[PDB]
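The file work01.csv contains CSV, C-alpha atoms:
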```csv
chain,number,residue,atom,x,y,z
A,2,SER,CA,-24.2,-2.5,15.2
A,3,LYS,CA,-24.4,-4.9,12.3
A,4,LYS,CA,-21.9,-2.5,10.6
A,5,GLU,CA,-19.6,-2.4,13.6
A,6,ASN,CA,-19.6,-6.2,13.8
A,7,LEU,CA,-18.9,-6.6,10.1
A,8,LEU,CA,-16.0,-4.1,10.4
A,9,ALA,CA,-14.5,-6.1,13.2
A,10,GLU,CA,-14.7,-9.2,11.1
A,11,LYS,CA,-13.1,-7.4,8.2
A,12,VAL,CA,-10.2,-6.3,10.4
A,13,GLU,CA,-9.8,-9.9,11.7
A,14,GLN,CA,-9.4,-11.0,8.0
A,15,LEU,CA,-6.7,-8.4,7.5
A,16,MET,CA,-5.0,-9.6,10.7
A,17,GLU,CA,-5.1,-13.2,9.5
A,18,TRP,CA,-3.6,-12.1,6.2
A,19,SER,CA,-0.9,-10.3,8.2
A,20,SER,CA,0.1,-13.7,9.7
A,21,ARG,CA,1.1,-14.9,6.3
A,22,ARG,CA,2.2,-11.7,4.5
A,23,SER,CA,3.8,-8.3,5.3
A,24,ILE,CA,2.3,-6.8,2.1
A,25,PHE,CA,-1.1,-7.8,0.7
A,26,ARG,CA,-1.1,-8.4,-3.1
A,27,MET,CA,-4.4,-7.3,-4.5
A,28,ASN,CA,-6.5,-7.6,-7.6
A,29,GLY,CA,-9.4,-5.3,-8.2
A,30,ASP,CA,-11.9,-7.3,-6.2
A,31,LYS,CA,-9.6,-7.3,-3.1
A,32,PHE,CA,-8.7,-3.6,-3.6
A,33,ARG,CA,-12.4,-2.7,-3.7
A,34,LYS,CA,-13.4,-4.9,-0.7
A,35,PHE,CA,-10.5,-3.9,1.6
A,36,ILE,CA,-9.6,-0.4,0.5
A,37,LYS,CA,-12.6,1.3,-1.2
A,38,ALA,CA,-15.6,-0.3,0.5
A,39,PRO,CA,-16.9,1.0,3.8
A,40,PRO,CA,-16.7,0.2,6.8
A,41,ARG,CA,-13.0,1.0,7.6
A,42,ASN,CA,-11.2,2.2,10.7
A,43,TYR,CA,-7.7,1.6,9.4
A,44,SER,CA,-5.3,3.3,6.9
A,45,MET,CA,-4.1,1.5,3.9
A,46,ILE,CA,-0.8,2.2,2.2
A,47,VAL,CA,-0.7,1.0,-1.4
A,48,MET,CA,2.2,0.6,-3.8
A,49,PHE,CA,1.0,0.6,-7.4
A,50,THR,CA,3.7,-1.3,-9.3
A,51,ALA,CA,4.6,-3.3,-12.5
A,52,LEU,CA,7.1,-6.0,-11.5
A,53,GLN,CA,6.6,-8.5,-14.3
A,54,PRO,CA,10.1,-9.3,-15.7
A,55,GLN,CA,9.1,-8.8,-19.4
A,56,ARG,CA,8.3,-5.1,-18.7
A,57,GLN,CA,11.7,-4.4,-17.1
A,58,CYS,CA,10.3,-1.6,-15.0
A,59,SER,CA,13.5,-0.7,-13.2
A,60,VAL,CA,12.0,2.0,-10.9
A,61,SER,CA,9.2,-0.4,-9.8
A,62,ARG,CA,11.9,-3.0,-9.0
A,63,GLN,CA,13.9,-0.7,-6.8
A,64,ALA,CA,10.9,0.8,-5.1
A,65,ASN,CA,9.5,-2.6,-4.3
A,66,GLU,CA,12.9,-3.4,-2.5
A,67,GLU,CA,12.4,-0.3,-0.3
A,68,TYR,CA,8.7,-1.1,0.3
A,69,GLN,CA,9.7,-4.5,1.5
A,70,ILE,CA,12.1,-3.0,4.0
A,71,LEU,CA,9.4,-0.7,5.2
A,72,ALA,CA,6.8,-3.3,5.6
A,73,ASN,CA,9.2,-5.6,7.4
A,74,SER,CA,10.1,-2.8,9.7
A,75,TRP,CA,6.4,-2.4,10.5
A,76,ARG,CA,5.9,-6.1,11.2
A,77,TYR,CA,8.7,-6.1,13.8
A,78,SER,CA,7.9,-2.7,15.3
A,79,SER,CA,6.5,-2.1,18.8
A,80,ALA,CA,4.1,0.3,16.9
A,81,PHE,CA,2.5,-2.6,15.0
A,82,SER,CA,-1.3,-2.5,15.1
A,83,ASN,CA,-4.5,-3.3,13.2
A,84,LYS,CA,-4.8,0.4,12.2
A,85,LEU,CA,-2.5,0.4,9.3
A,86,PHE,CA,-1.8,-2.2,6.5
A,87,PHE,CA,0.4,-2.4,3.4
A,88,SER,CA,-0.8,-3.5,0.0
A,89,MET,CA,0.4,-3.7,-3.5
A,90,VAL,CA,-1.4,-3.6,-6.9
A,91,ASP,CA,0.5,-4.8,-9.9
A,92,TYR,CA,-0.6,-3.4,-13.2
A,93,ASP,CA,-0.9,-6.8,-14.8
A,94,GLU,CA,-3.2,-8.0,-11.9
A,95,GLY,CA,-5.1,-4.9,-11.2
A,96,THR,CA,-5.4,-3.2,-14.5
A,97,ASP,CA,-8.9,-2.1,-13.7
A,98,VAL,CA,-7.7,-0.3,-10.5
A,99,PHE,CA,-5.0,1.6,-12.5
A,100,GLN,CA,-7.8,2.6,-15.0
A,101,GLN,CA,-10.1,3.8,-12.2
A,102,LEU,CA,-7.2,5.9,-10.8
A,103,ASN,CA,-6.2,7.2,-14.2
A,104,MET,CA,-2.7,5.7,-13.9
A,105,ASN,CA,-0.6,4.8,-16.9
A,106,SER,CA,2.7,4.2,-15.3
A,107,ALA,CA,4.3,2.9,-12.1
A,108,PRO,CA,5.3,3.0,-9.3
A,109,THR,CA,3.1,5.2,-7.1
A,110,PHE,CA,2.6,5.1,-3.3
A,111,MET,CA,-0.7,6.2,-1.9
A,112,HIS,CA,-2.4,6.4,1.5
A,113,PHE,CA,-6.1,5.6,1.6
A,114,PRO,CA,-7.5,7.0,4.8
A,115,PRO,CA,-10.3,5.2,6.7
A,116,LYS,CA,-12.7,7.9,6.2
A,117,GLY,CA,-13.1,9.9,3.0
A,118,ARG,CA,-10.8,9.9,0.0
A,119,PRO,CA,-7.1,10.5,-0.4
A,120,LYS,CA,-6.0,14.1,-0.2
A,121,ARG,CA,-3.3,15.7,-2.3
A,122,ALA,CA,-0.5,14.8,0.2
A,123,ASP,CA,-1.8,11.2,0.2
A,124,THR,CA,0.2,10.6,-3.0
A,125,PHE,CA,3.9,10.3,-2.1
A,126,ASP,CA,6.1,12.8,-4.0
A,127,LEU,CA,8.4,10.1,-5.5
A,128,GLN,CA,9.7,12.4,-8.2
A,129,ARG,CA,11.0,14.9,-5.7
A,130,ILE,CA,12.1,12.6,-2.8
A,131,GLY,CA,13.1,9.2,-4.2
A,132,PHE,CA,11.7,6.1,-2.5
A,133,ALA,CA,14.1,5.3,0.3
A,134,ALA,CA,12.2,3.4,3.0
A,135,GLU,CA,13.1,6.1,5.6
A,136,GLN,CA,11.4,8.7,3.3
A,137,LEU,CA,8.4,6.5,2.8
A,138,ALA,CA,8.2,6.2,6.6
A,139,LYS,CA,8.4,10.0,7.1
A,140,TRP,CA,5.5,10.4,4.7
A,141,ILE,CA,3.4,7.7,6.4
A,142,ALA,CA,4.0,9.5,9.8
A,143,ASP,CA,2.8,12.8,8.2
A,144,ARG,CA,-0.3,11.2,6.8
A,145,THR,CA,-1.3,8.7,9.5
A,146,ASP,CA,0.5,9.5,12.7
A,147,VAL,CA,2.1,6.0,12.7
A,148,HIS,CA,5.8,6.1,13.1
A,149,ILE,CA,7.8,3.2,11.5
A,150,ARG,CA,11.4,3.3,12.4
A,151,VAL,CA,13.2,1.5,9.6
A,152,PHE,CA,15.5,-1.4,10.4
A,153,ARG,CA,18.2,-2.6,8.0
A,154,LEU,CA,20.1,-5.9,8.4
B,3,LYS,CA,-1.1,2.7,-22.9
B,4,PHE,CA,1.2,1.9,-20.0
B,5,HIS,CA,4.8,3.0,-19.8
B,6,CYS,CA,7.8,2.6,-17.5
B,7,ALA,CA,11.5,3.5,-17.6
B,8,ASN,CA,13.4,0.7,-18.9
```
Show the structure stored in the file as structure tokens.
Amino acid sequence: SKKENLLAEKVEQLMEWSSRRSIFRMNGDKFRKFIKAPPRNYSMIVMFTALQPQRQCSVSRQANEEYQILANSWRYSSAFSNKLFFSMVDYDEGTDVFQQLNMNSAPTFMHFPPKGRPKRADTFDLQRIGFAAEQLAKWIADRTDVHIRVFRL
Amino acid sequence: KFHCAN
């Protein structure tokens, strides 16, 4: 299918991005192309953040540290595949995405499934659980059936 | 409006 072929090409672009980055930094155009637009056969994990120094968002800073550990653990995993990717959207680069999602703070972790829209449990319950990488990994396994076993140096 | 702790 034309669509199947274009999907395959899209996935190859994400795999090329993976050779240079563990986490894809997105603006609104990239978010829409790779996360909102069909076709997809992969899950996307997104950290919505605000890391600019002038904002001094302490929680975003700590959560990014744990997200980095998680995405590194994925990169080195025997589980690594083209069926799951990690992204981030910073408020100051993707303000339009935050507006579309009705978000006026950070951070938030979401899973965007390949088919359909996020379900209730596709927003990580940060305010209950905290954001240890191991807890993010447990949530990802619950939502995607991908098991990332976190490594720490 | 956007807000974050510290």
*asked:* Between CA of residue 149 (chain A) and CA of residue 78 (chain A), what distance in Å does the model show, to one decimal?
replied: 7.0 Å
_Report, in Å to a single decimal, how far apart CA of residue 42 (chain A) and CA of residue 75 (chain A) are._
18.2 Å
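Atom to atom, CA of residue 146 (chain A) and CA of residue 25 (chain A) stand 21.1 Å apart.
With all atoms listed in the file as the atoms that count, the residue of A:18, A:87, A:92, A:77 with the shortest distance to residue 6 (chain B) is A:92.
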May I have a table of the residues of chain A lying at most 8 Å from chain B, giving each one's closest pair of atoms and their distance in Å to one decimal, counting only C-alpha atoms, ordered by chain and ascending residue number, as JSON lines?
```
{"residue": "A:56", "atom": "CA", "partner": "B:8", "partner_atom": "CA", "distance": 7.7}
{"residue": "A:57", "atom": "CA", "partner": "B:8", "partner_atom": "CA", "distance": 5.7}
{"residue": "A:58", "atom": "CA", "partner": "B:8", "partner_atom": "CA", "distance": 5.5}
{"residue": "A:59", "atom": "CA", "partner": "B:8", "partner_atom": "CA", "distance": 5.9}
{"residue": "A:60", "atom": "CA", "partner": "B:7", "partner_atom": "CA", "distance": 6.9}
{"residue": "A:105", "atom": "CA", "partner": "B:4", "partner_atom": "CA", "distance": 4.6}
{"residue": "A:106", "atom": "CA", "partner": "B:5", "partner_atom": "CA", "distance": 5.1}
{"residue": "A:107", "atom": "CA", "partner": "B:6", "partner_atom": "CA", "distance": 6.4}
```
*Among listed residues A:127, A:122, A:133, A:85, nearest residue 16 (chain A) (using all atoms listed in the file)*: A:85
*Spatial neighbours of region 95-103 of chain A, max dist 10 Å, all atoms listed in the file, sep filter under 4 positions, as a PyMOL selection string*: (chain A and resi 26-33+49-51+89-91+107) or (chain B and resi 4)
_Spatial neighbours of residue 132 (chain A), max dist 8 Å, all atoms listed in the file, sep filter under 5 positions, as a ChimeraX atom specification_ = /A:64,67,127,137
*Which residues, protein or nucleic acid, reach to within 6 Å of (10.3, 0.9, 10.5) in the file's coordinates when using all atoms listed in the file, and can you give that as number ranges by chain?*
A: 71, 74-75, 149-152
*residue 139 (chain A) surroundings by only C-alpha atoms, 9 Å radius, close-in-sequence under 5 positions cut, as JSON, numbers by chain*: {"A": [134, 144, 148, 149]}
Quick one: write out the picked residues with C-alpha atoms as a PDB file, keeping the file's coordinate frame?
```pdb
ATOM      1  CA  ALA A 134      12.200   3.400   3.000  1.00  0.00           C
ATOM      2  CA  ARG A 144      -0.300  11.200   6.800  1.00  0.00           C
ATOM      3  CA  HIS A 148       5.800   6.100  13.100  1.00  0.00           C
ATOM      4  CA  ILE A 149       7.800   3.200  11.500  1.00  0.00           C
TER       5      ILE A 149
END
```
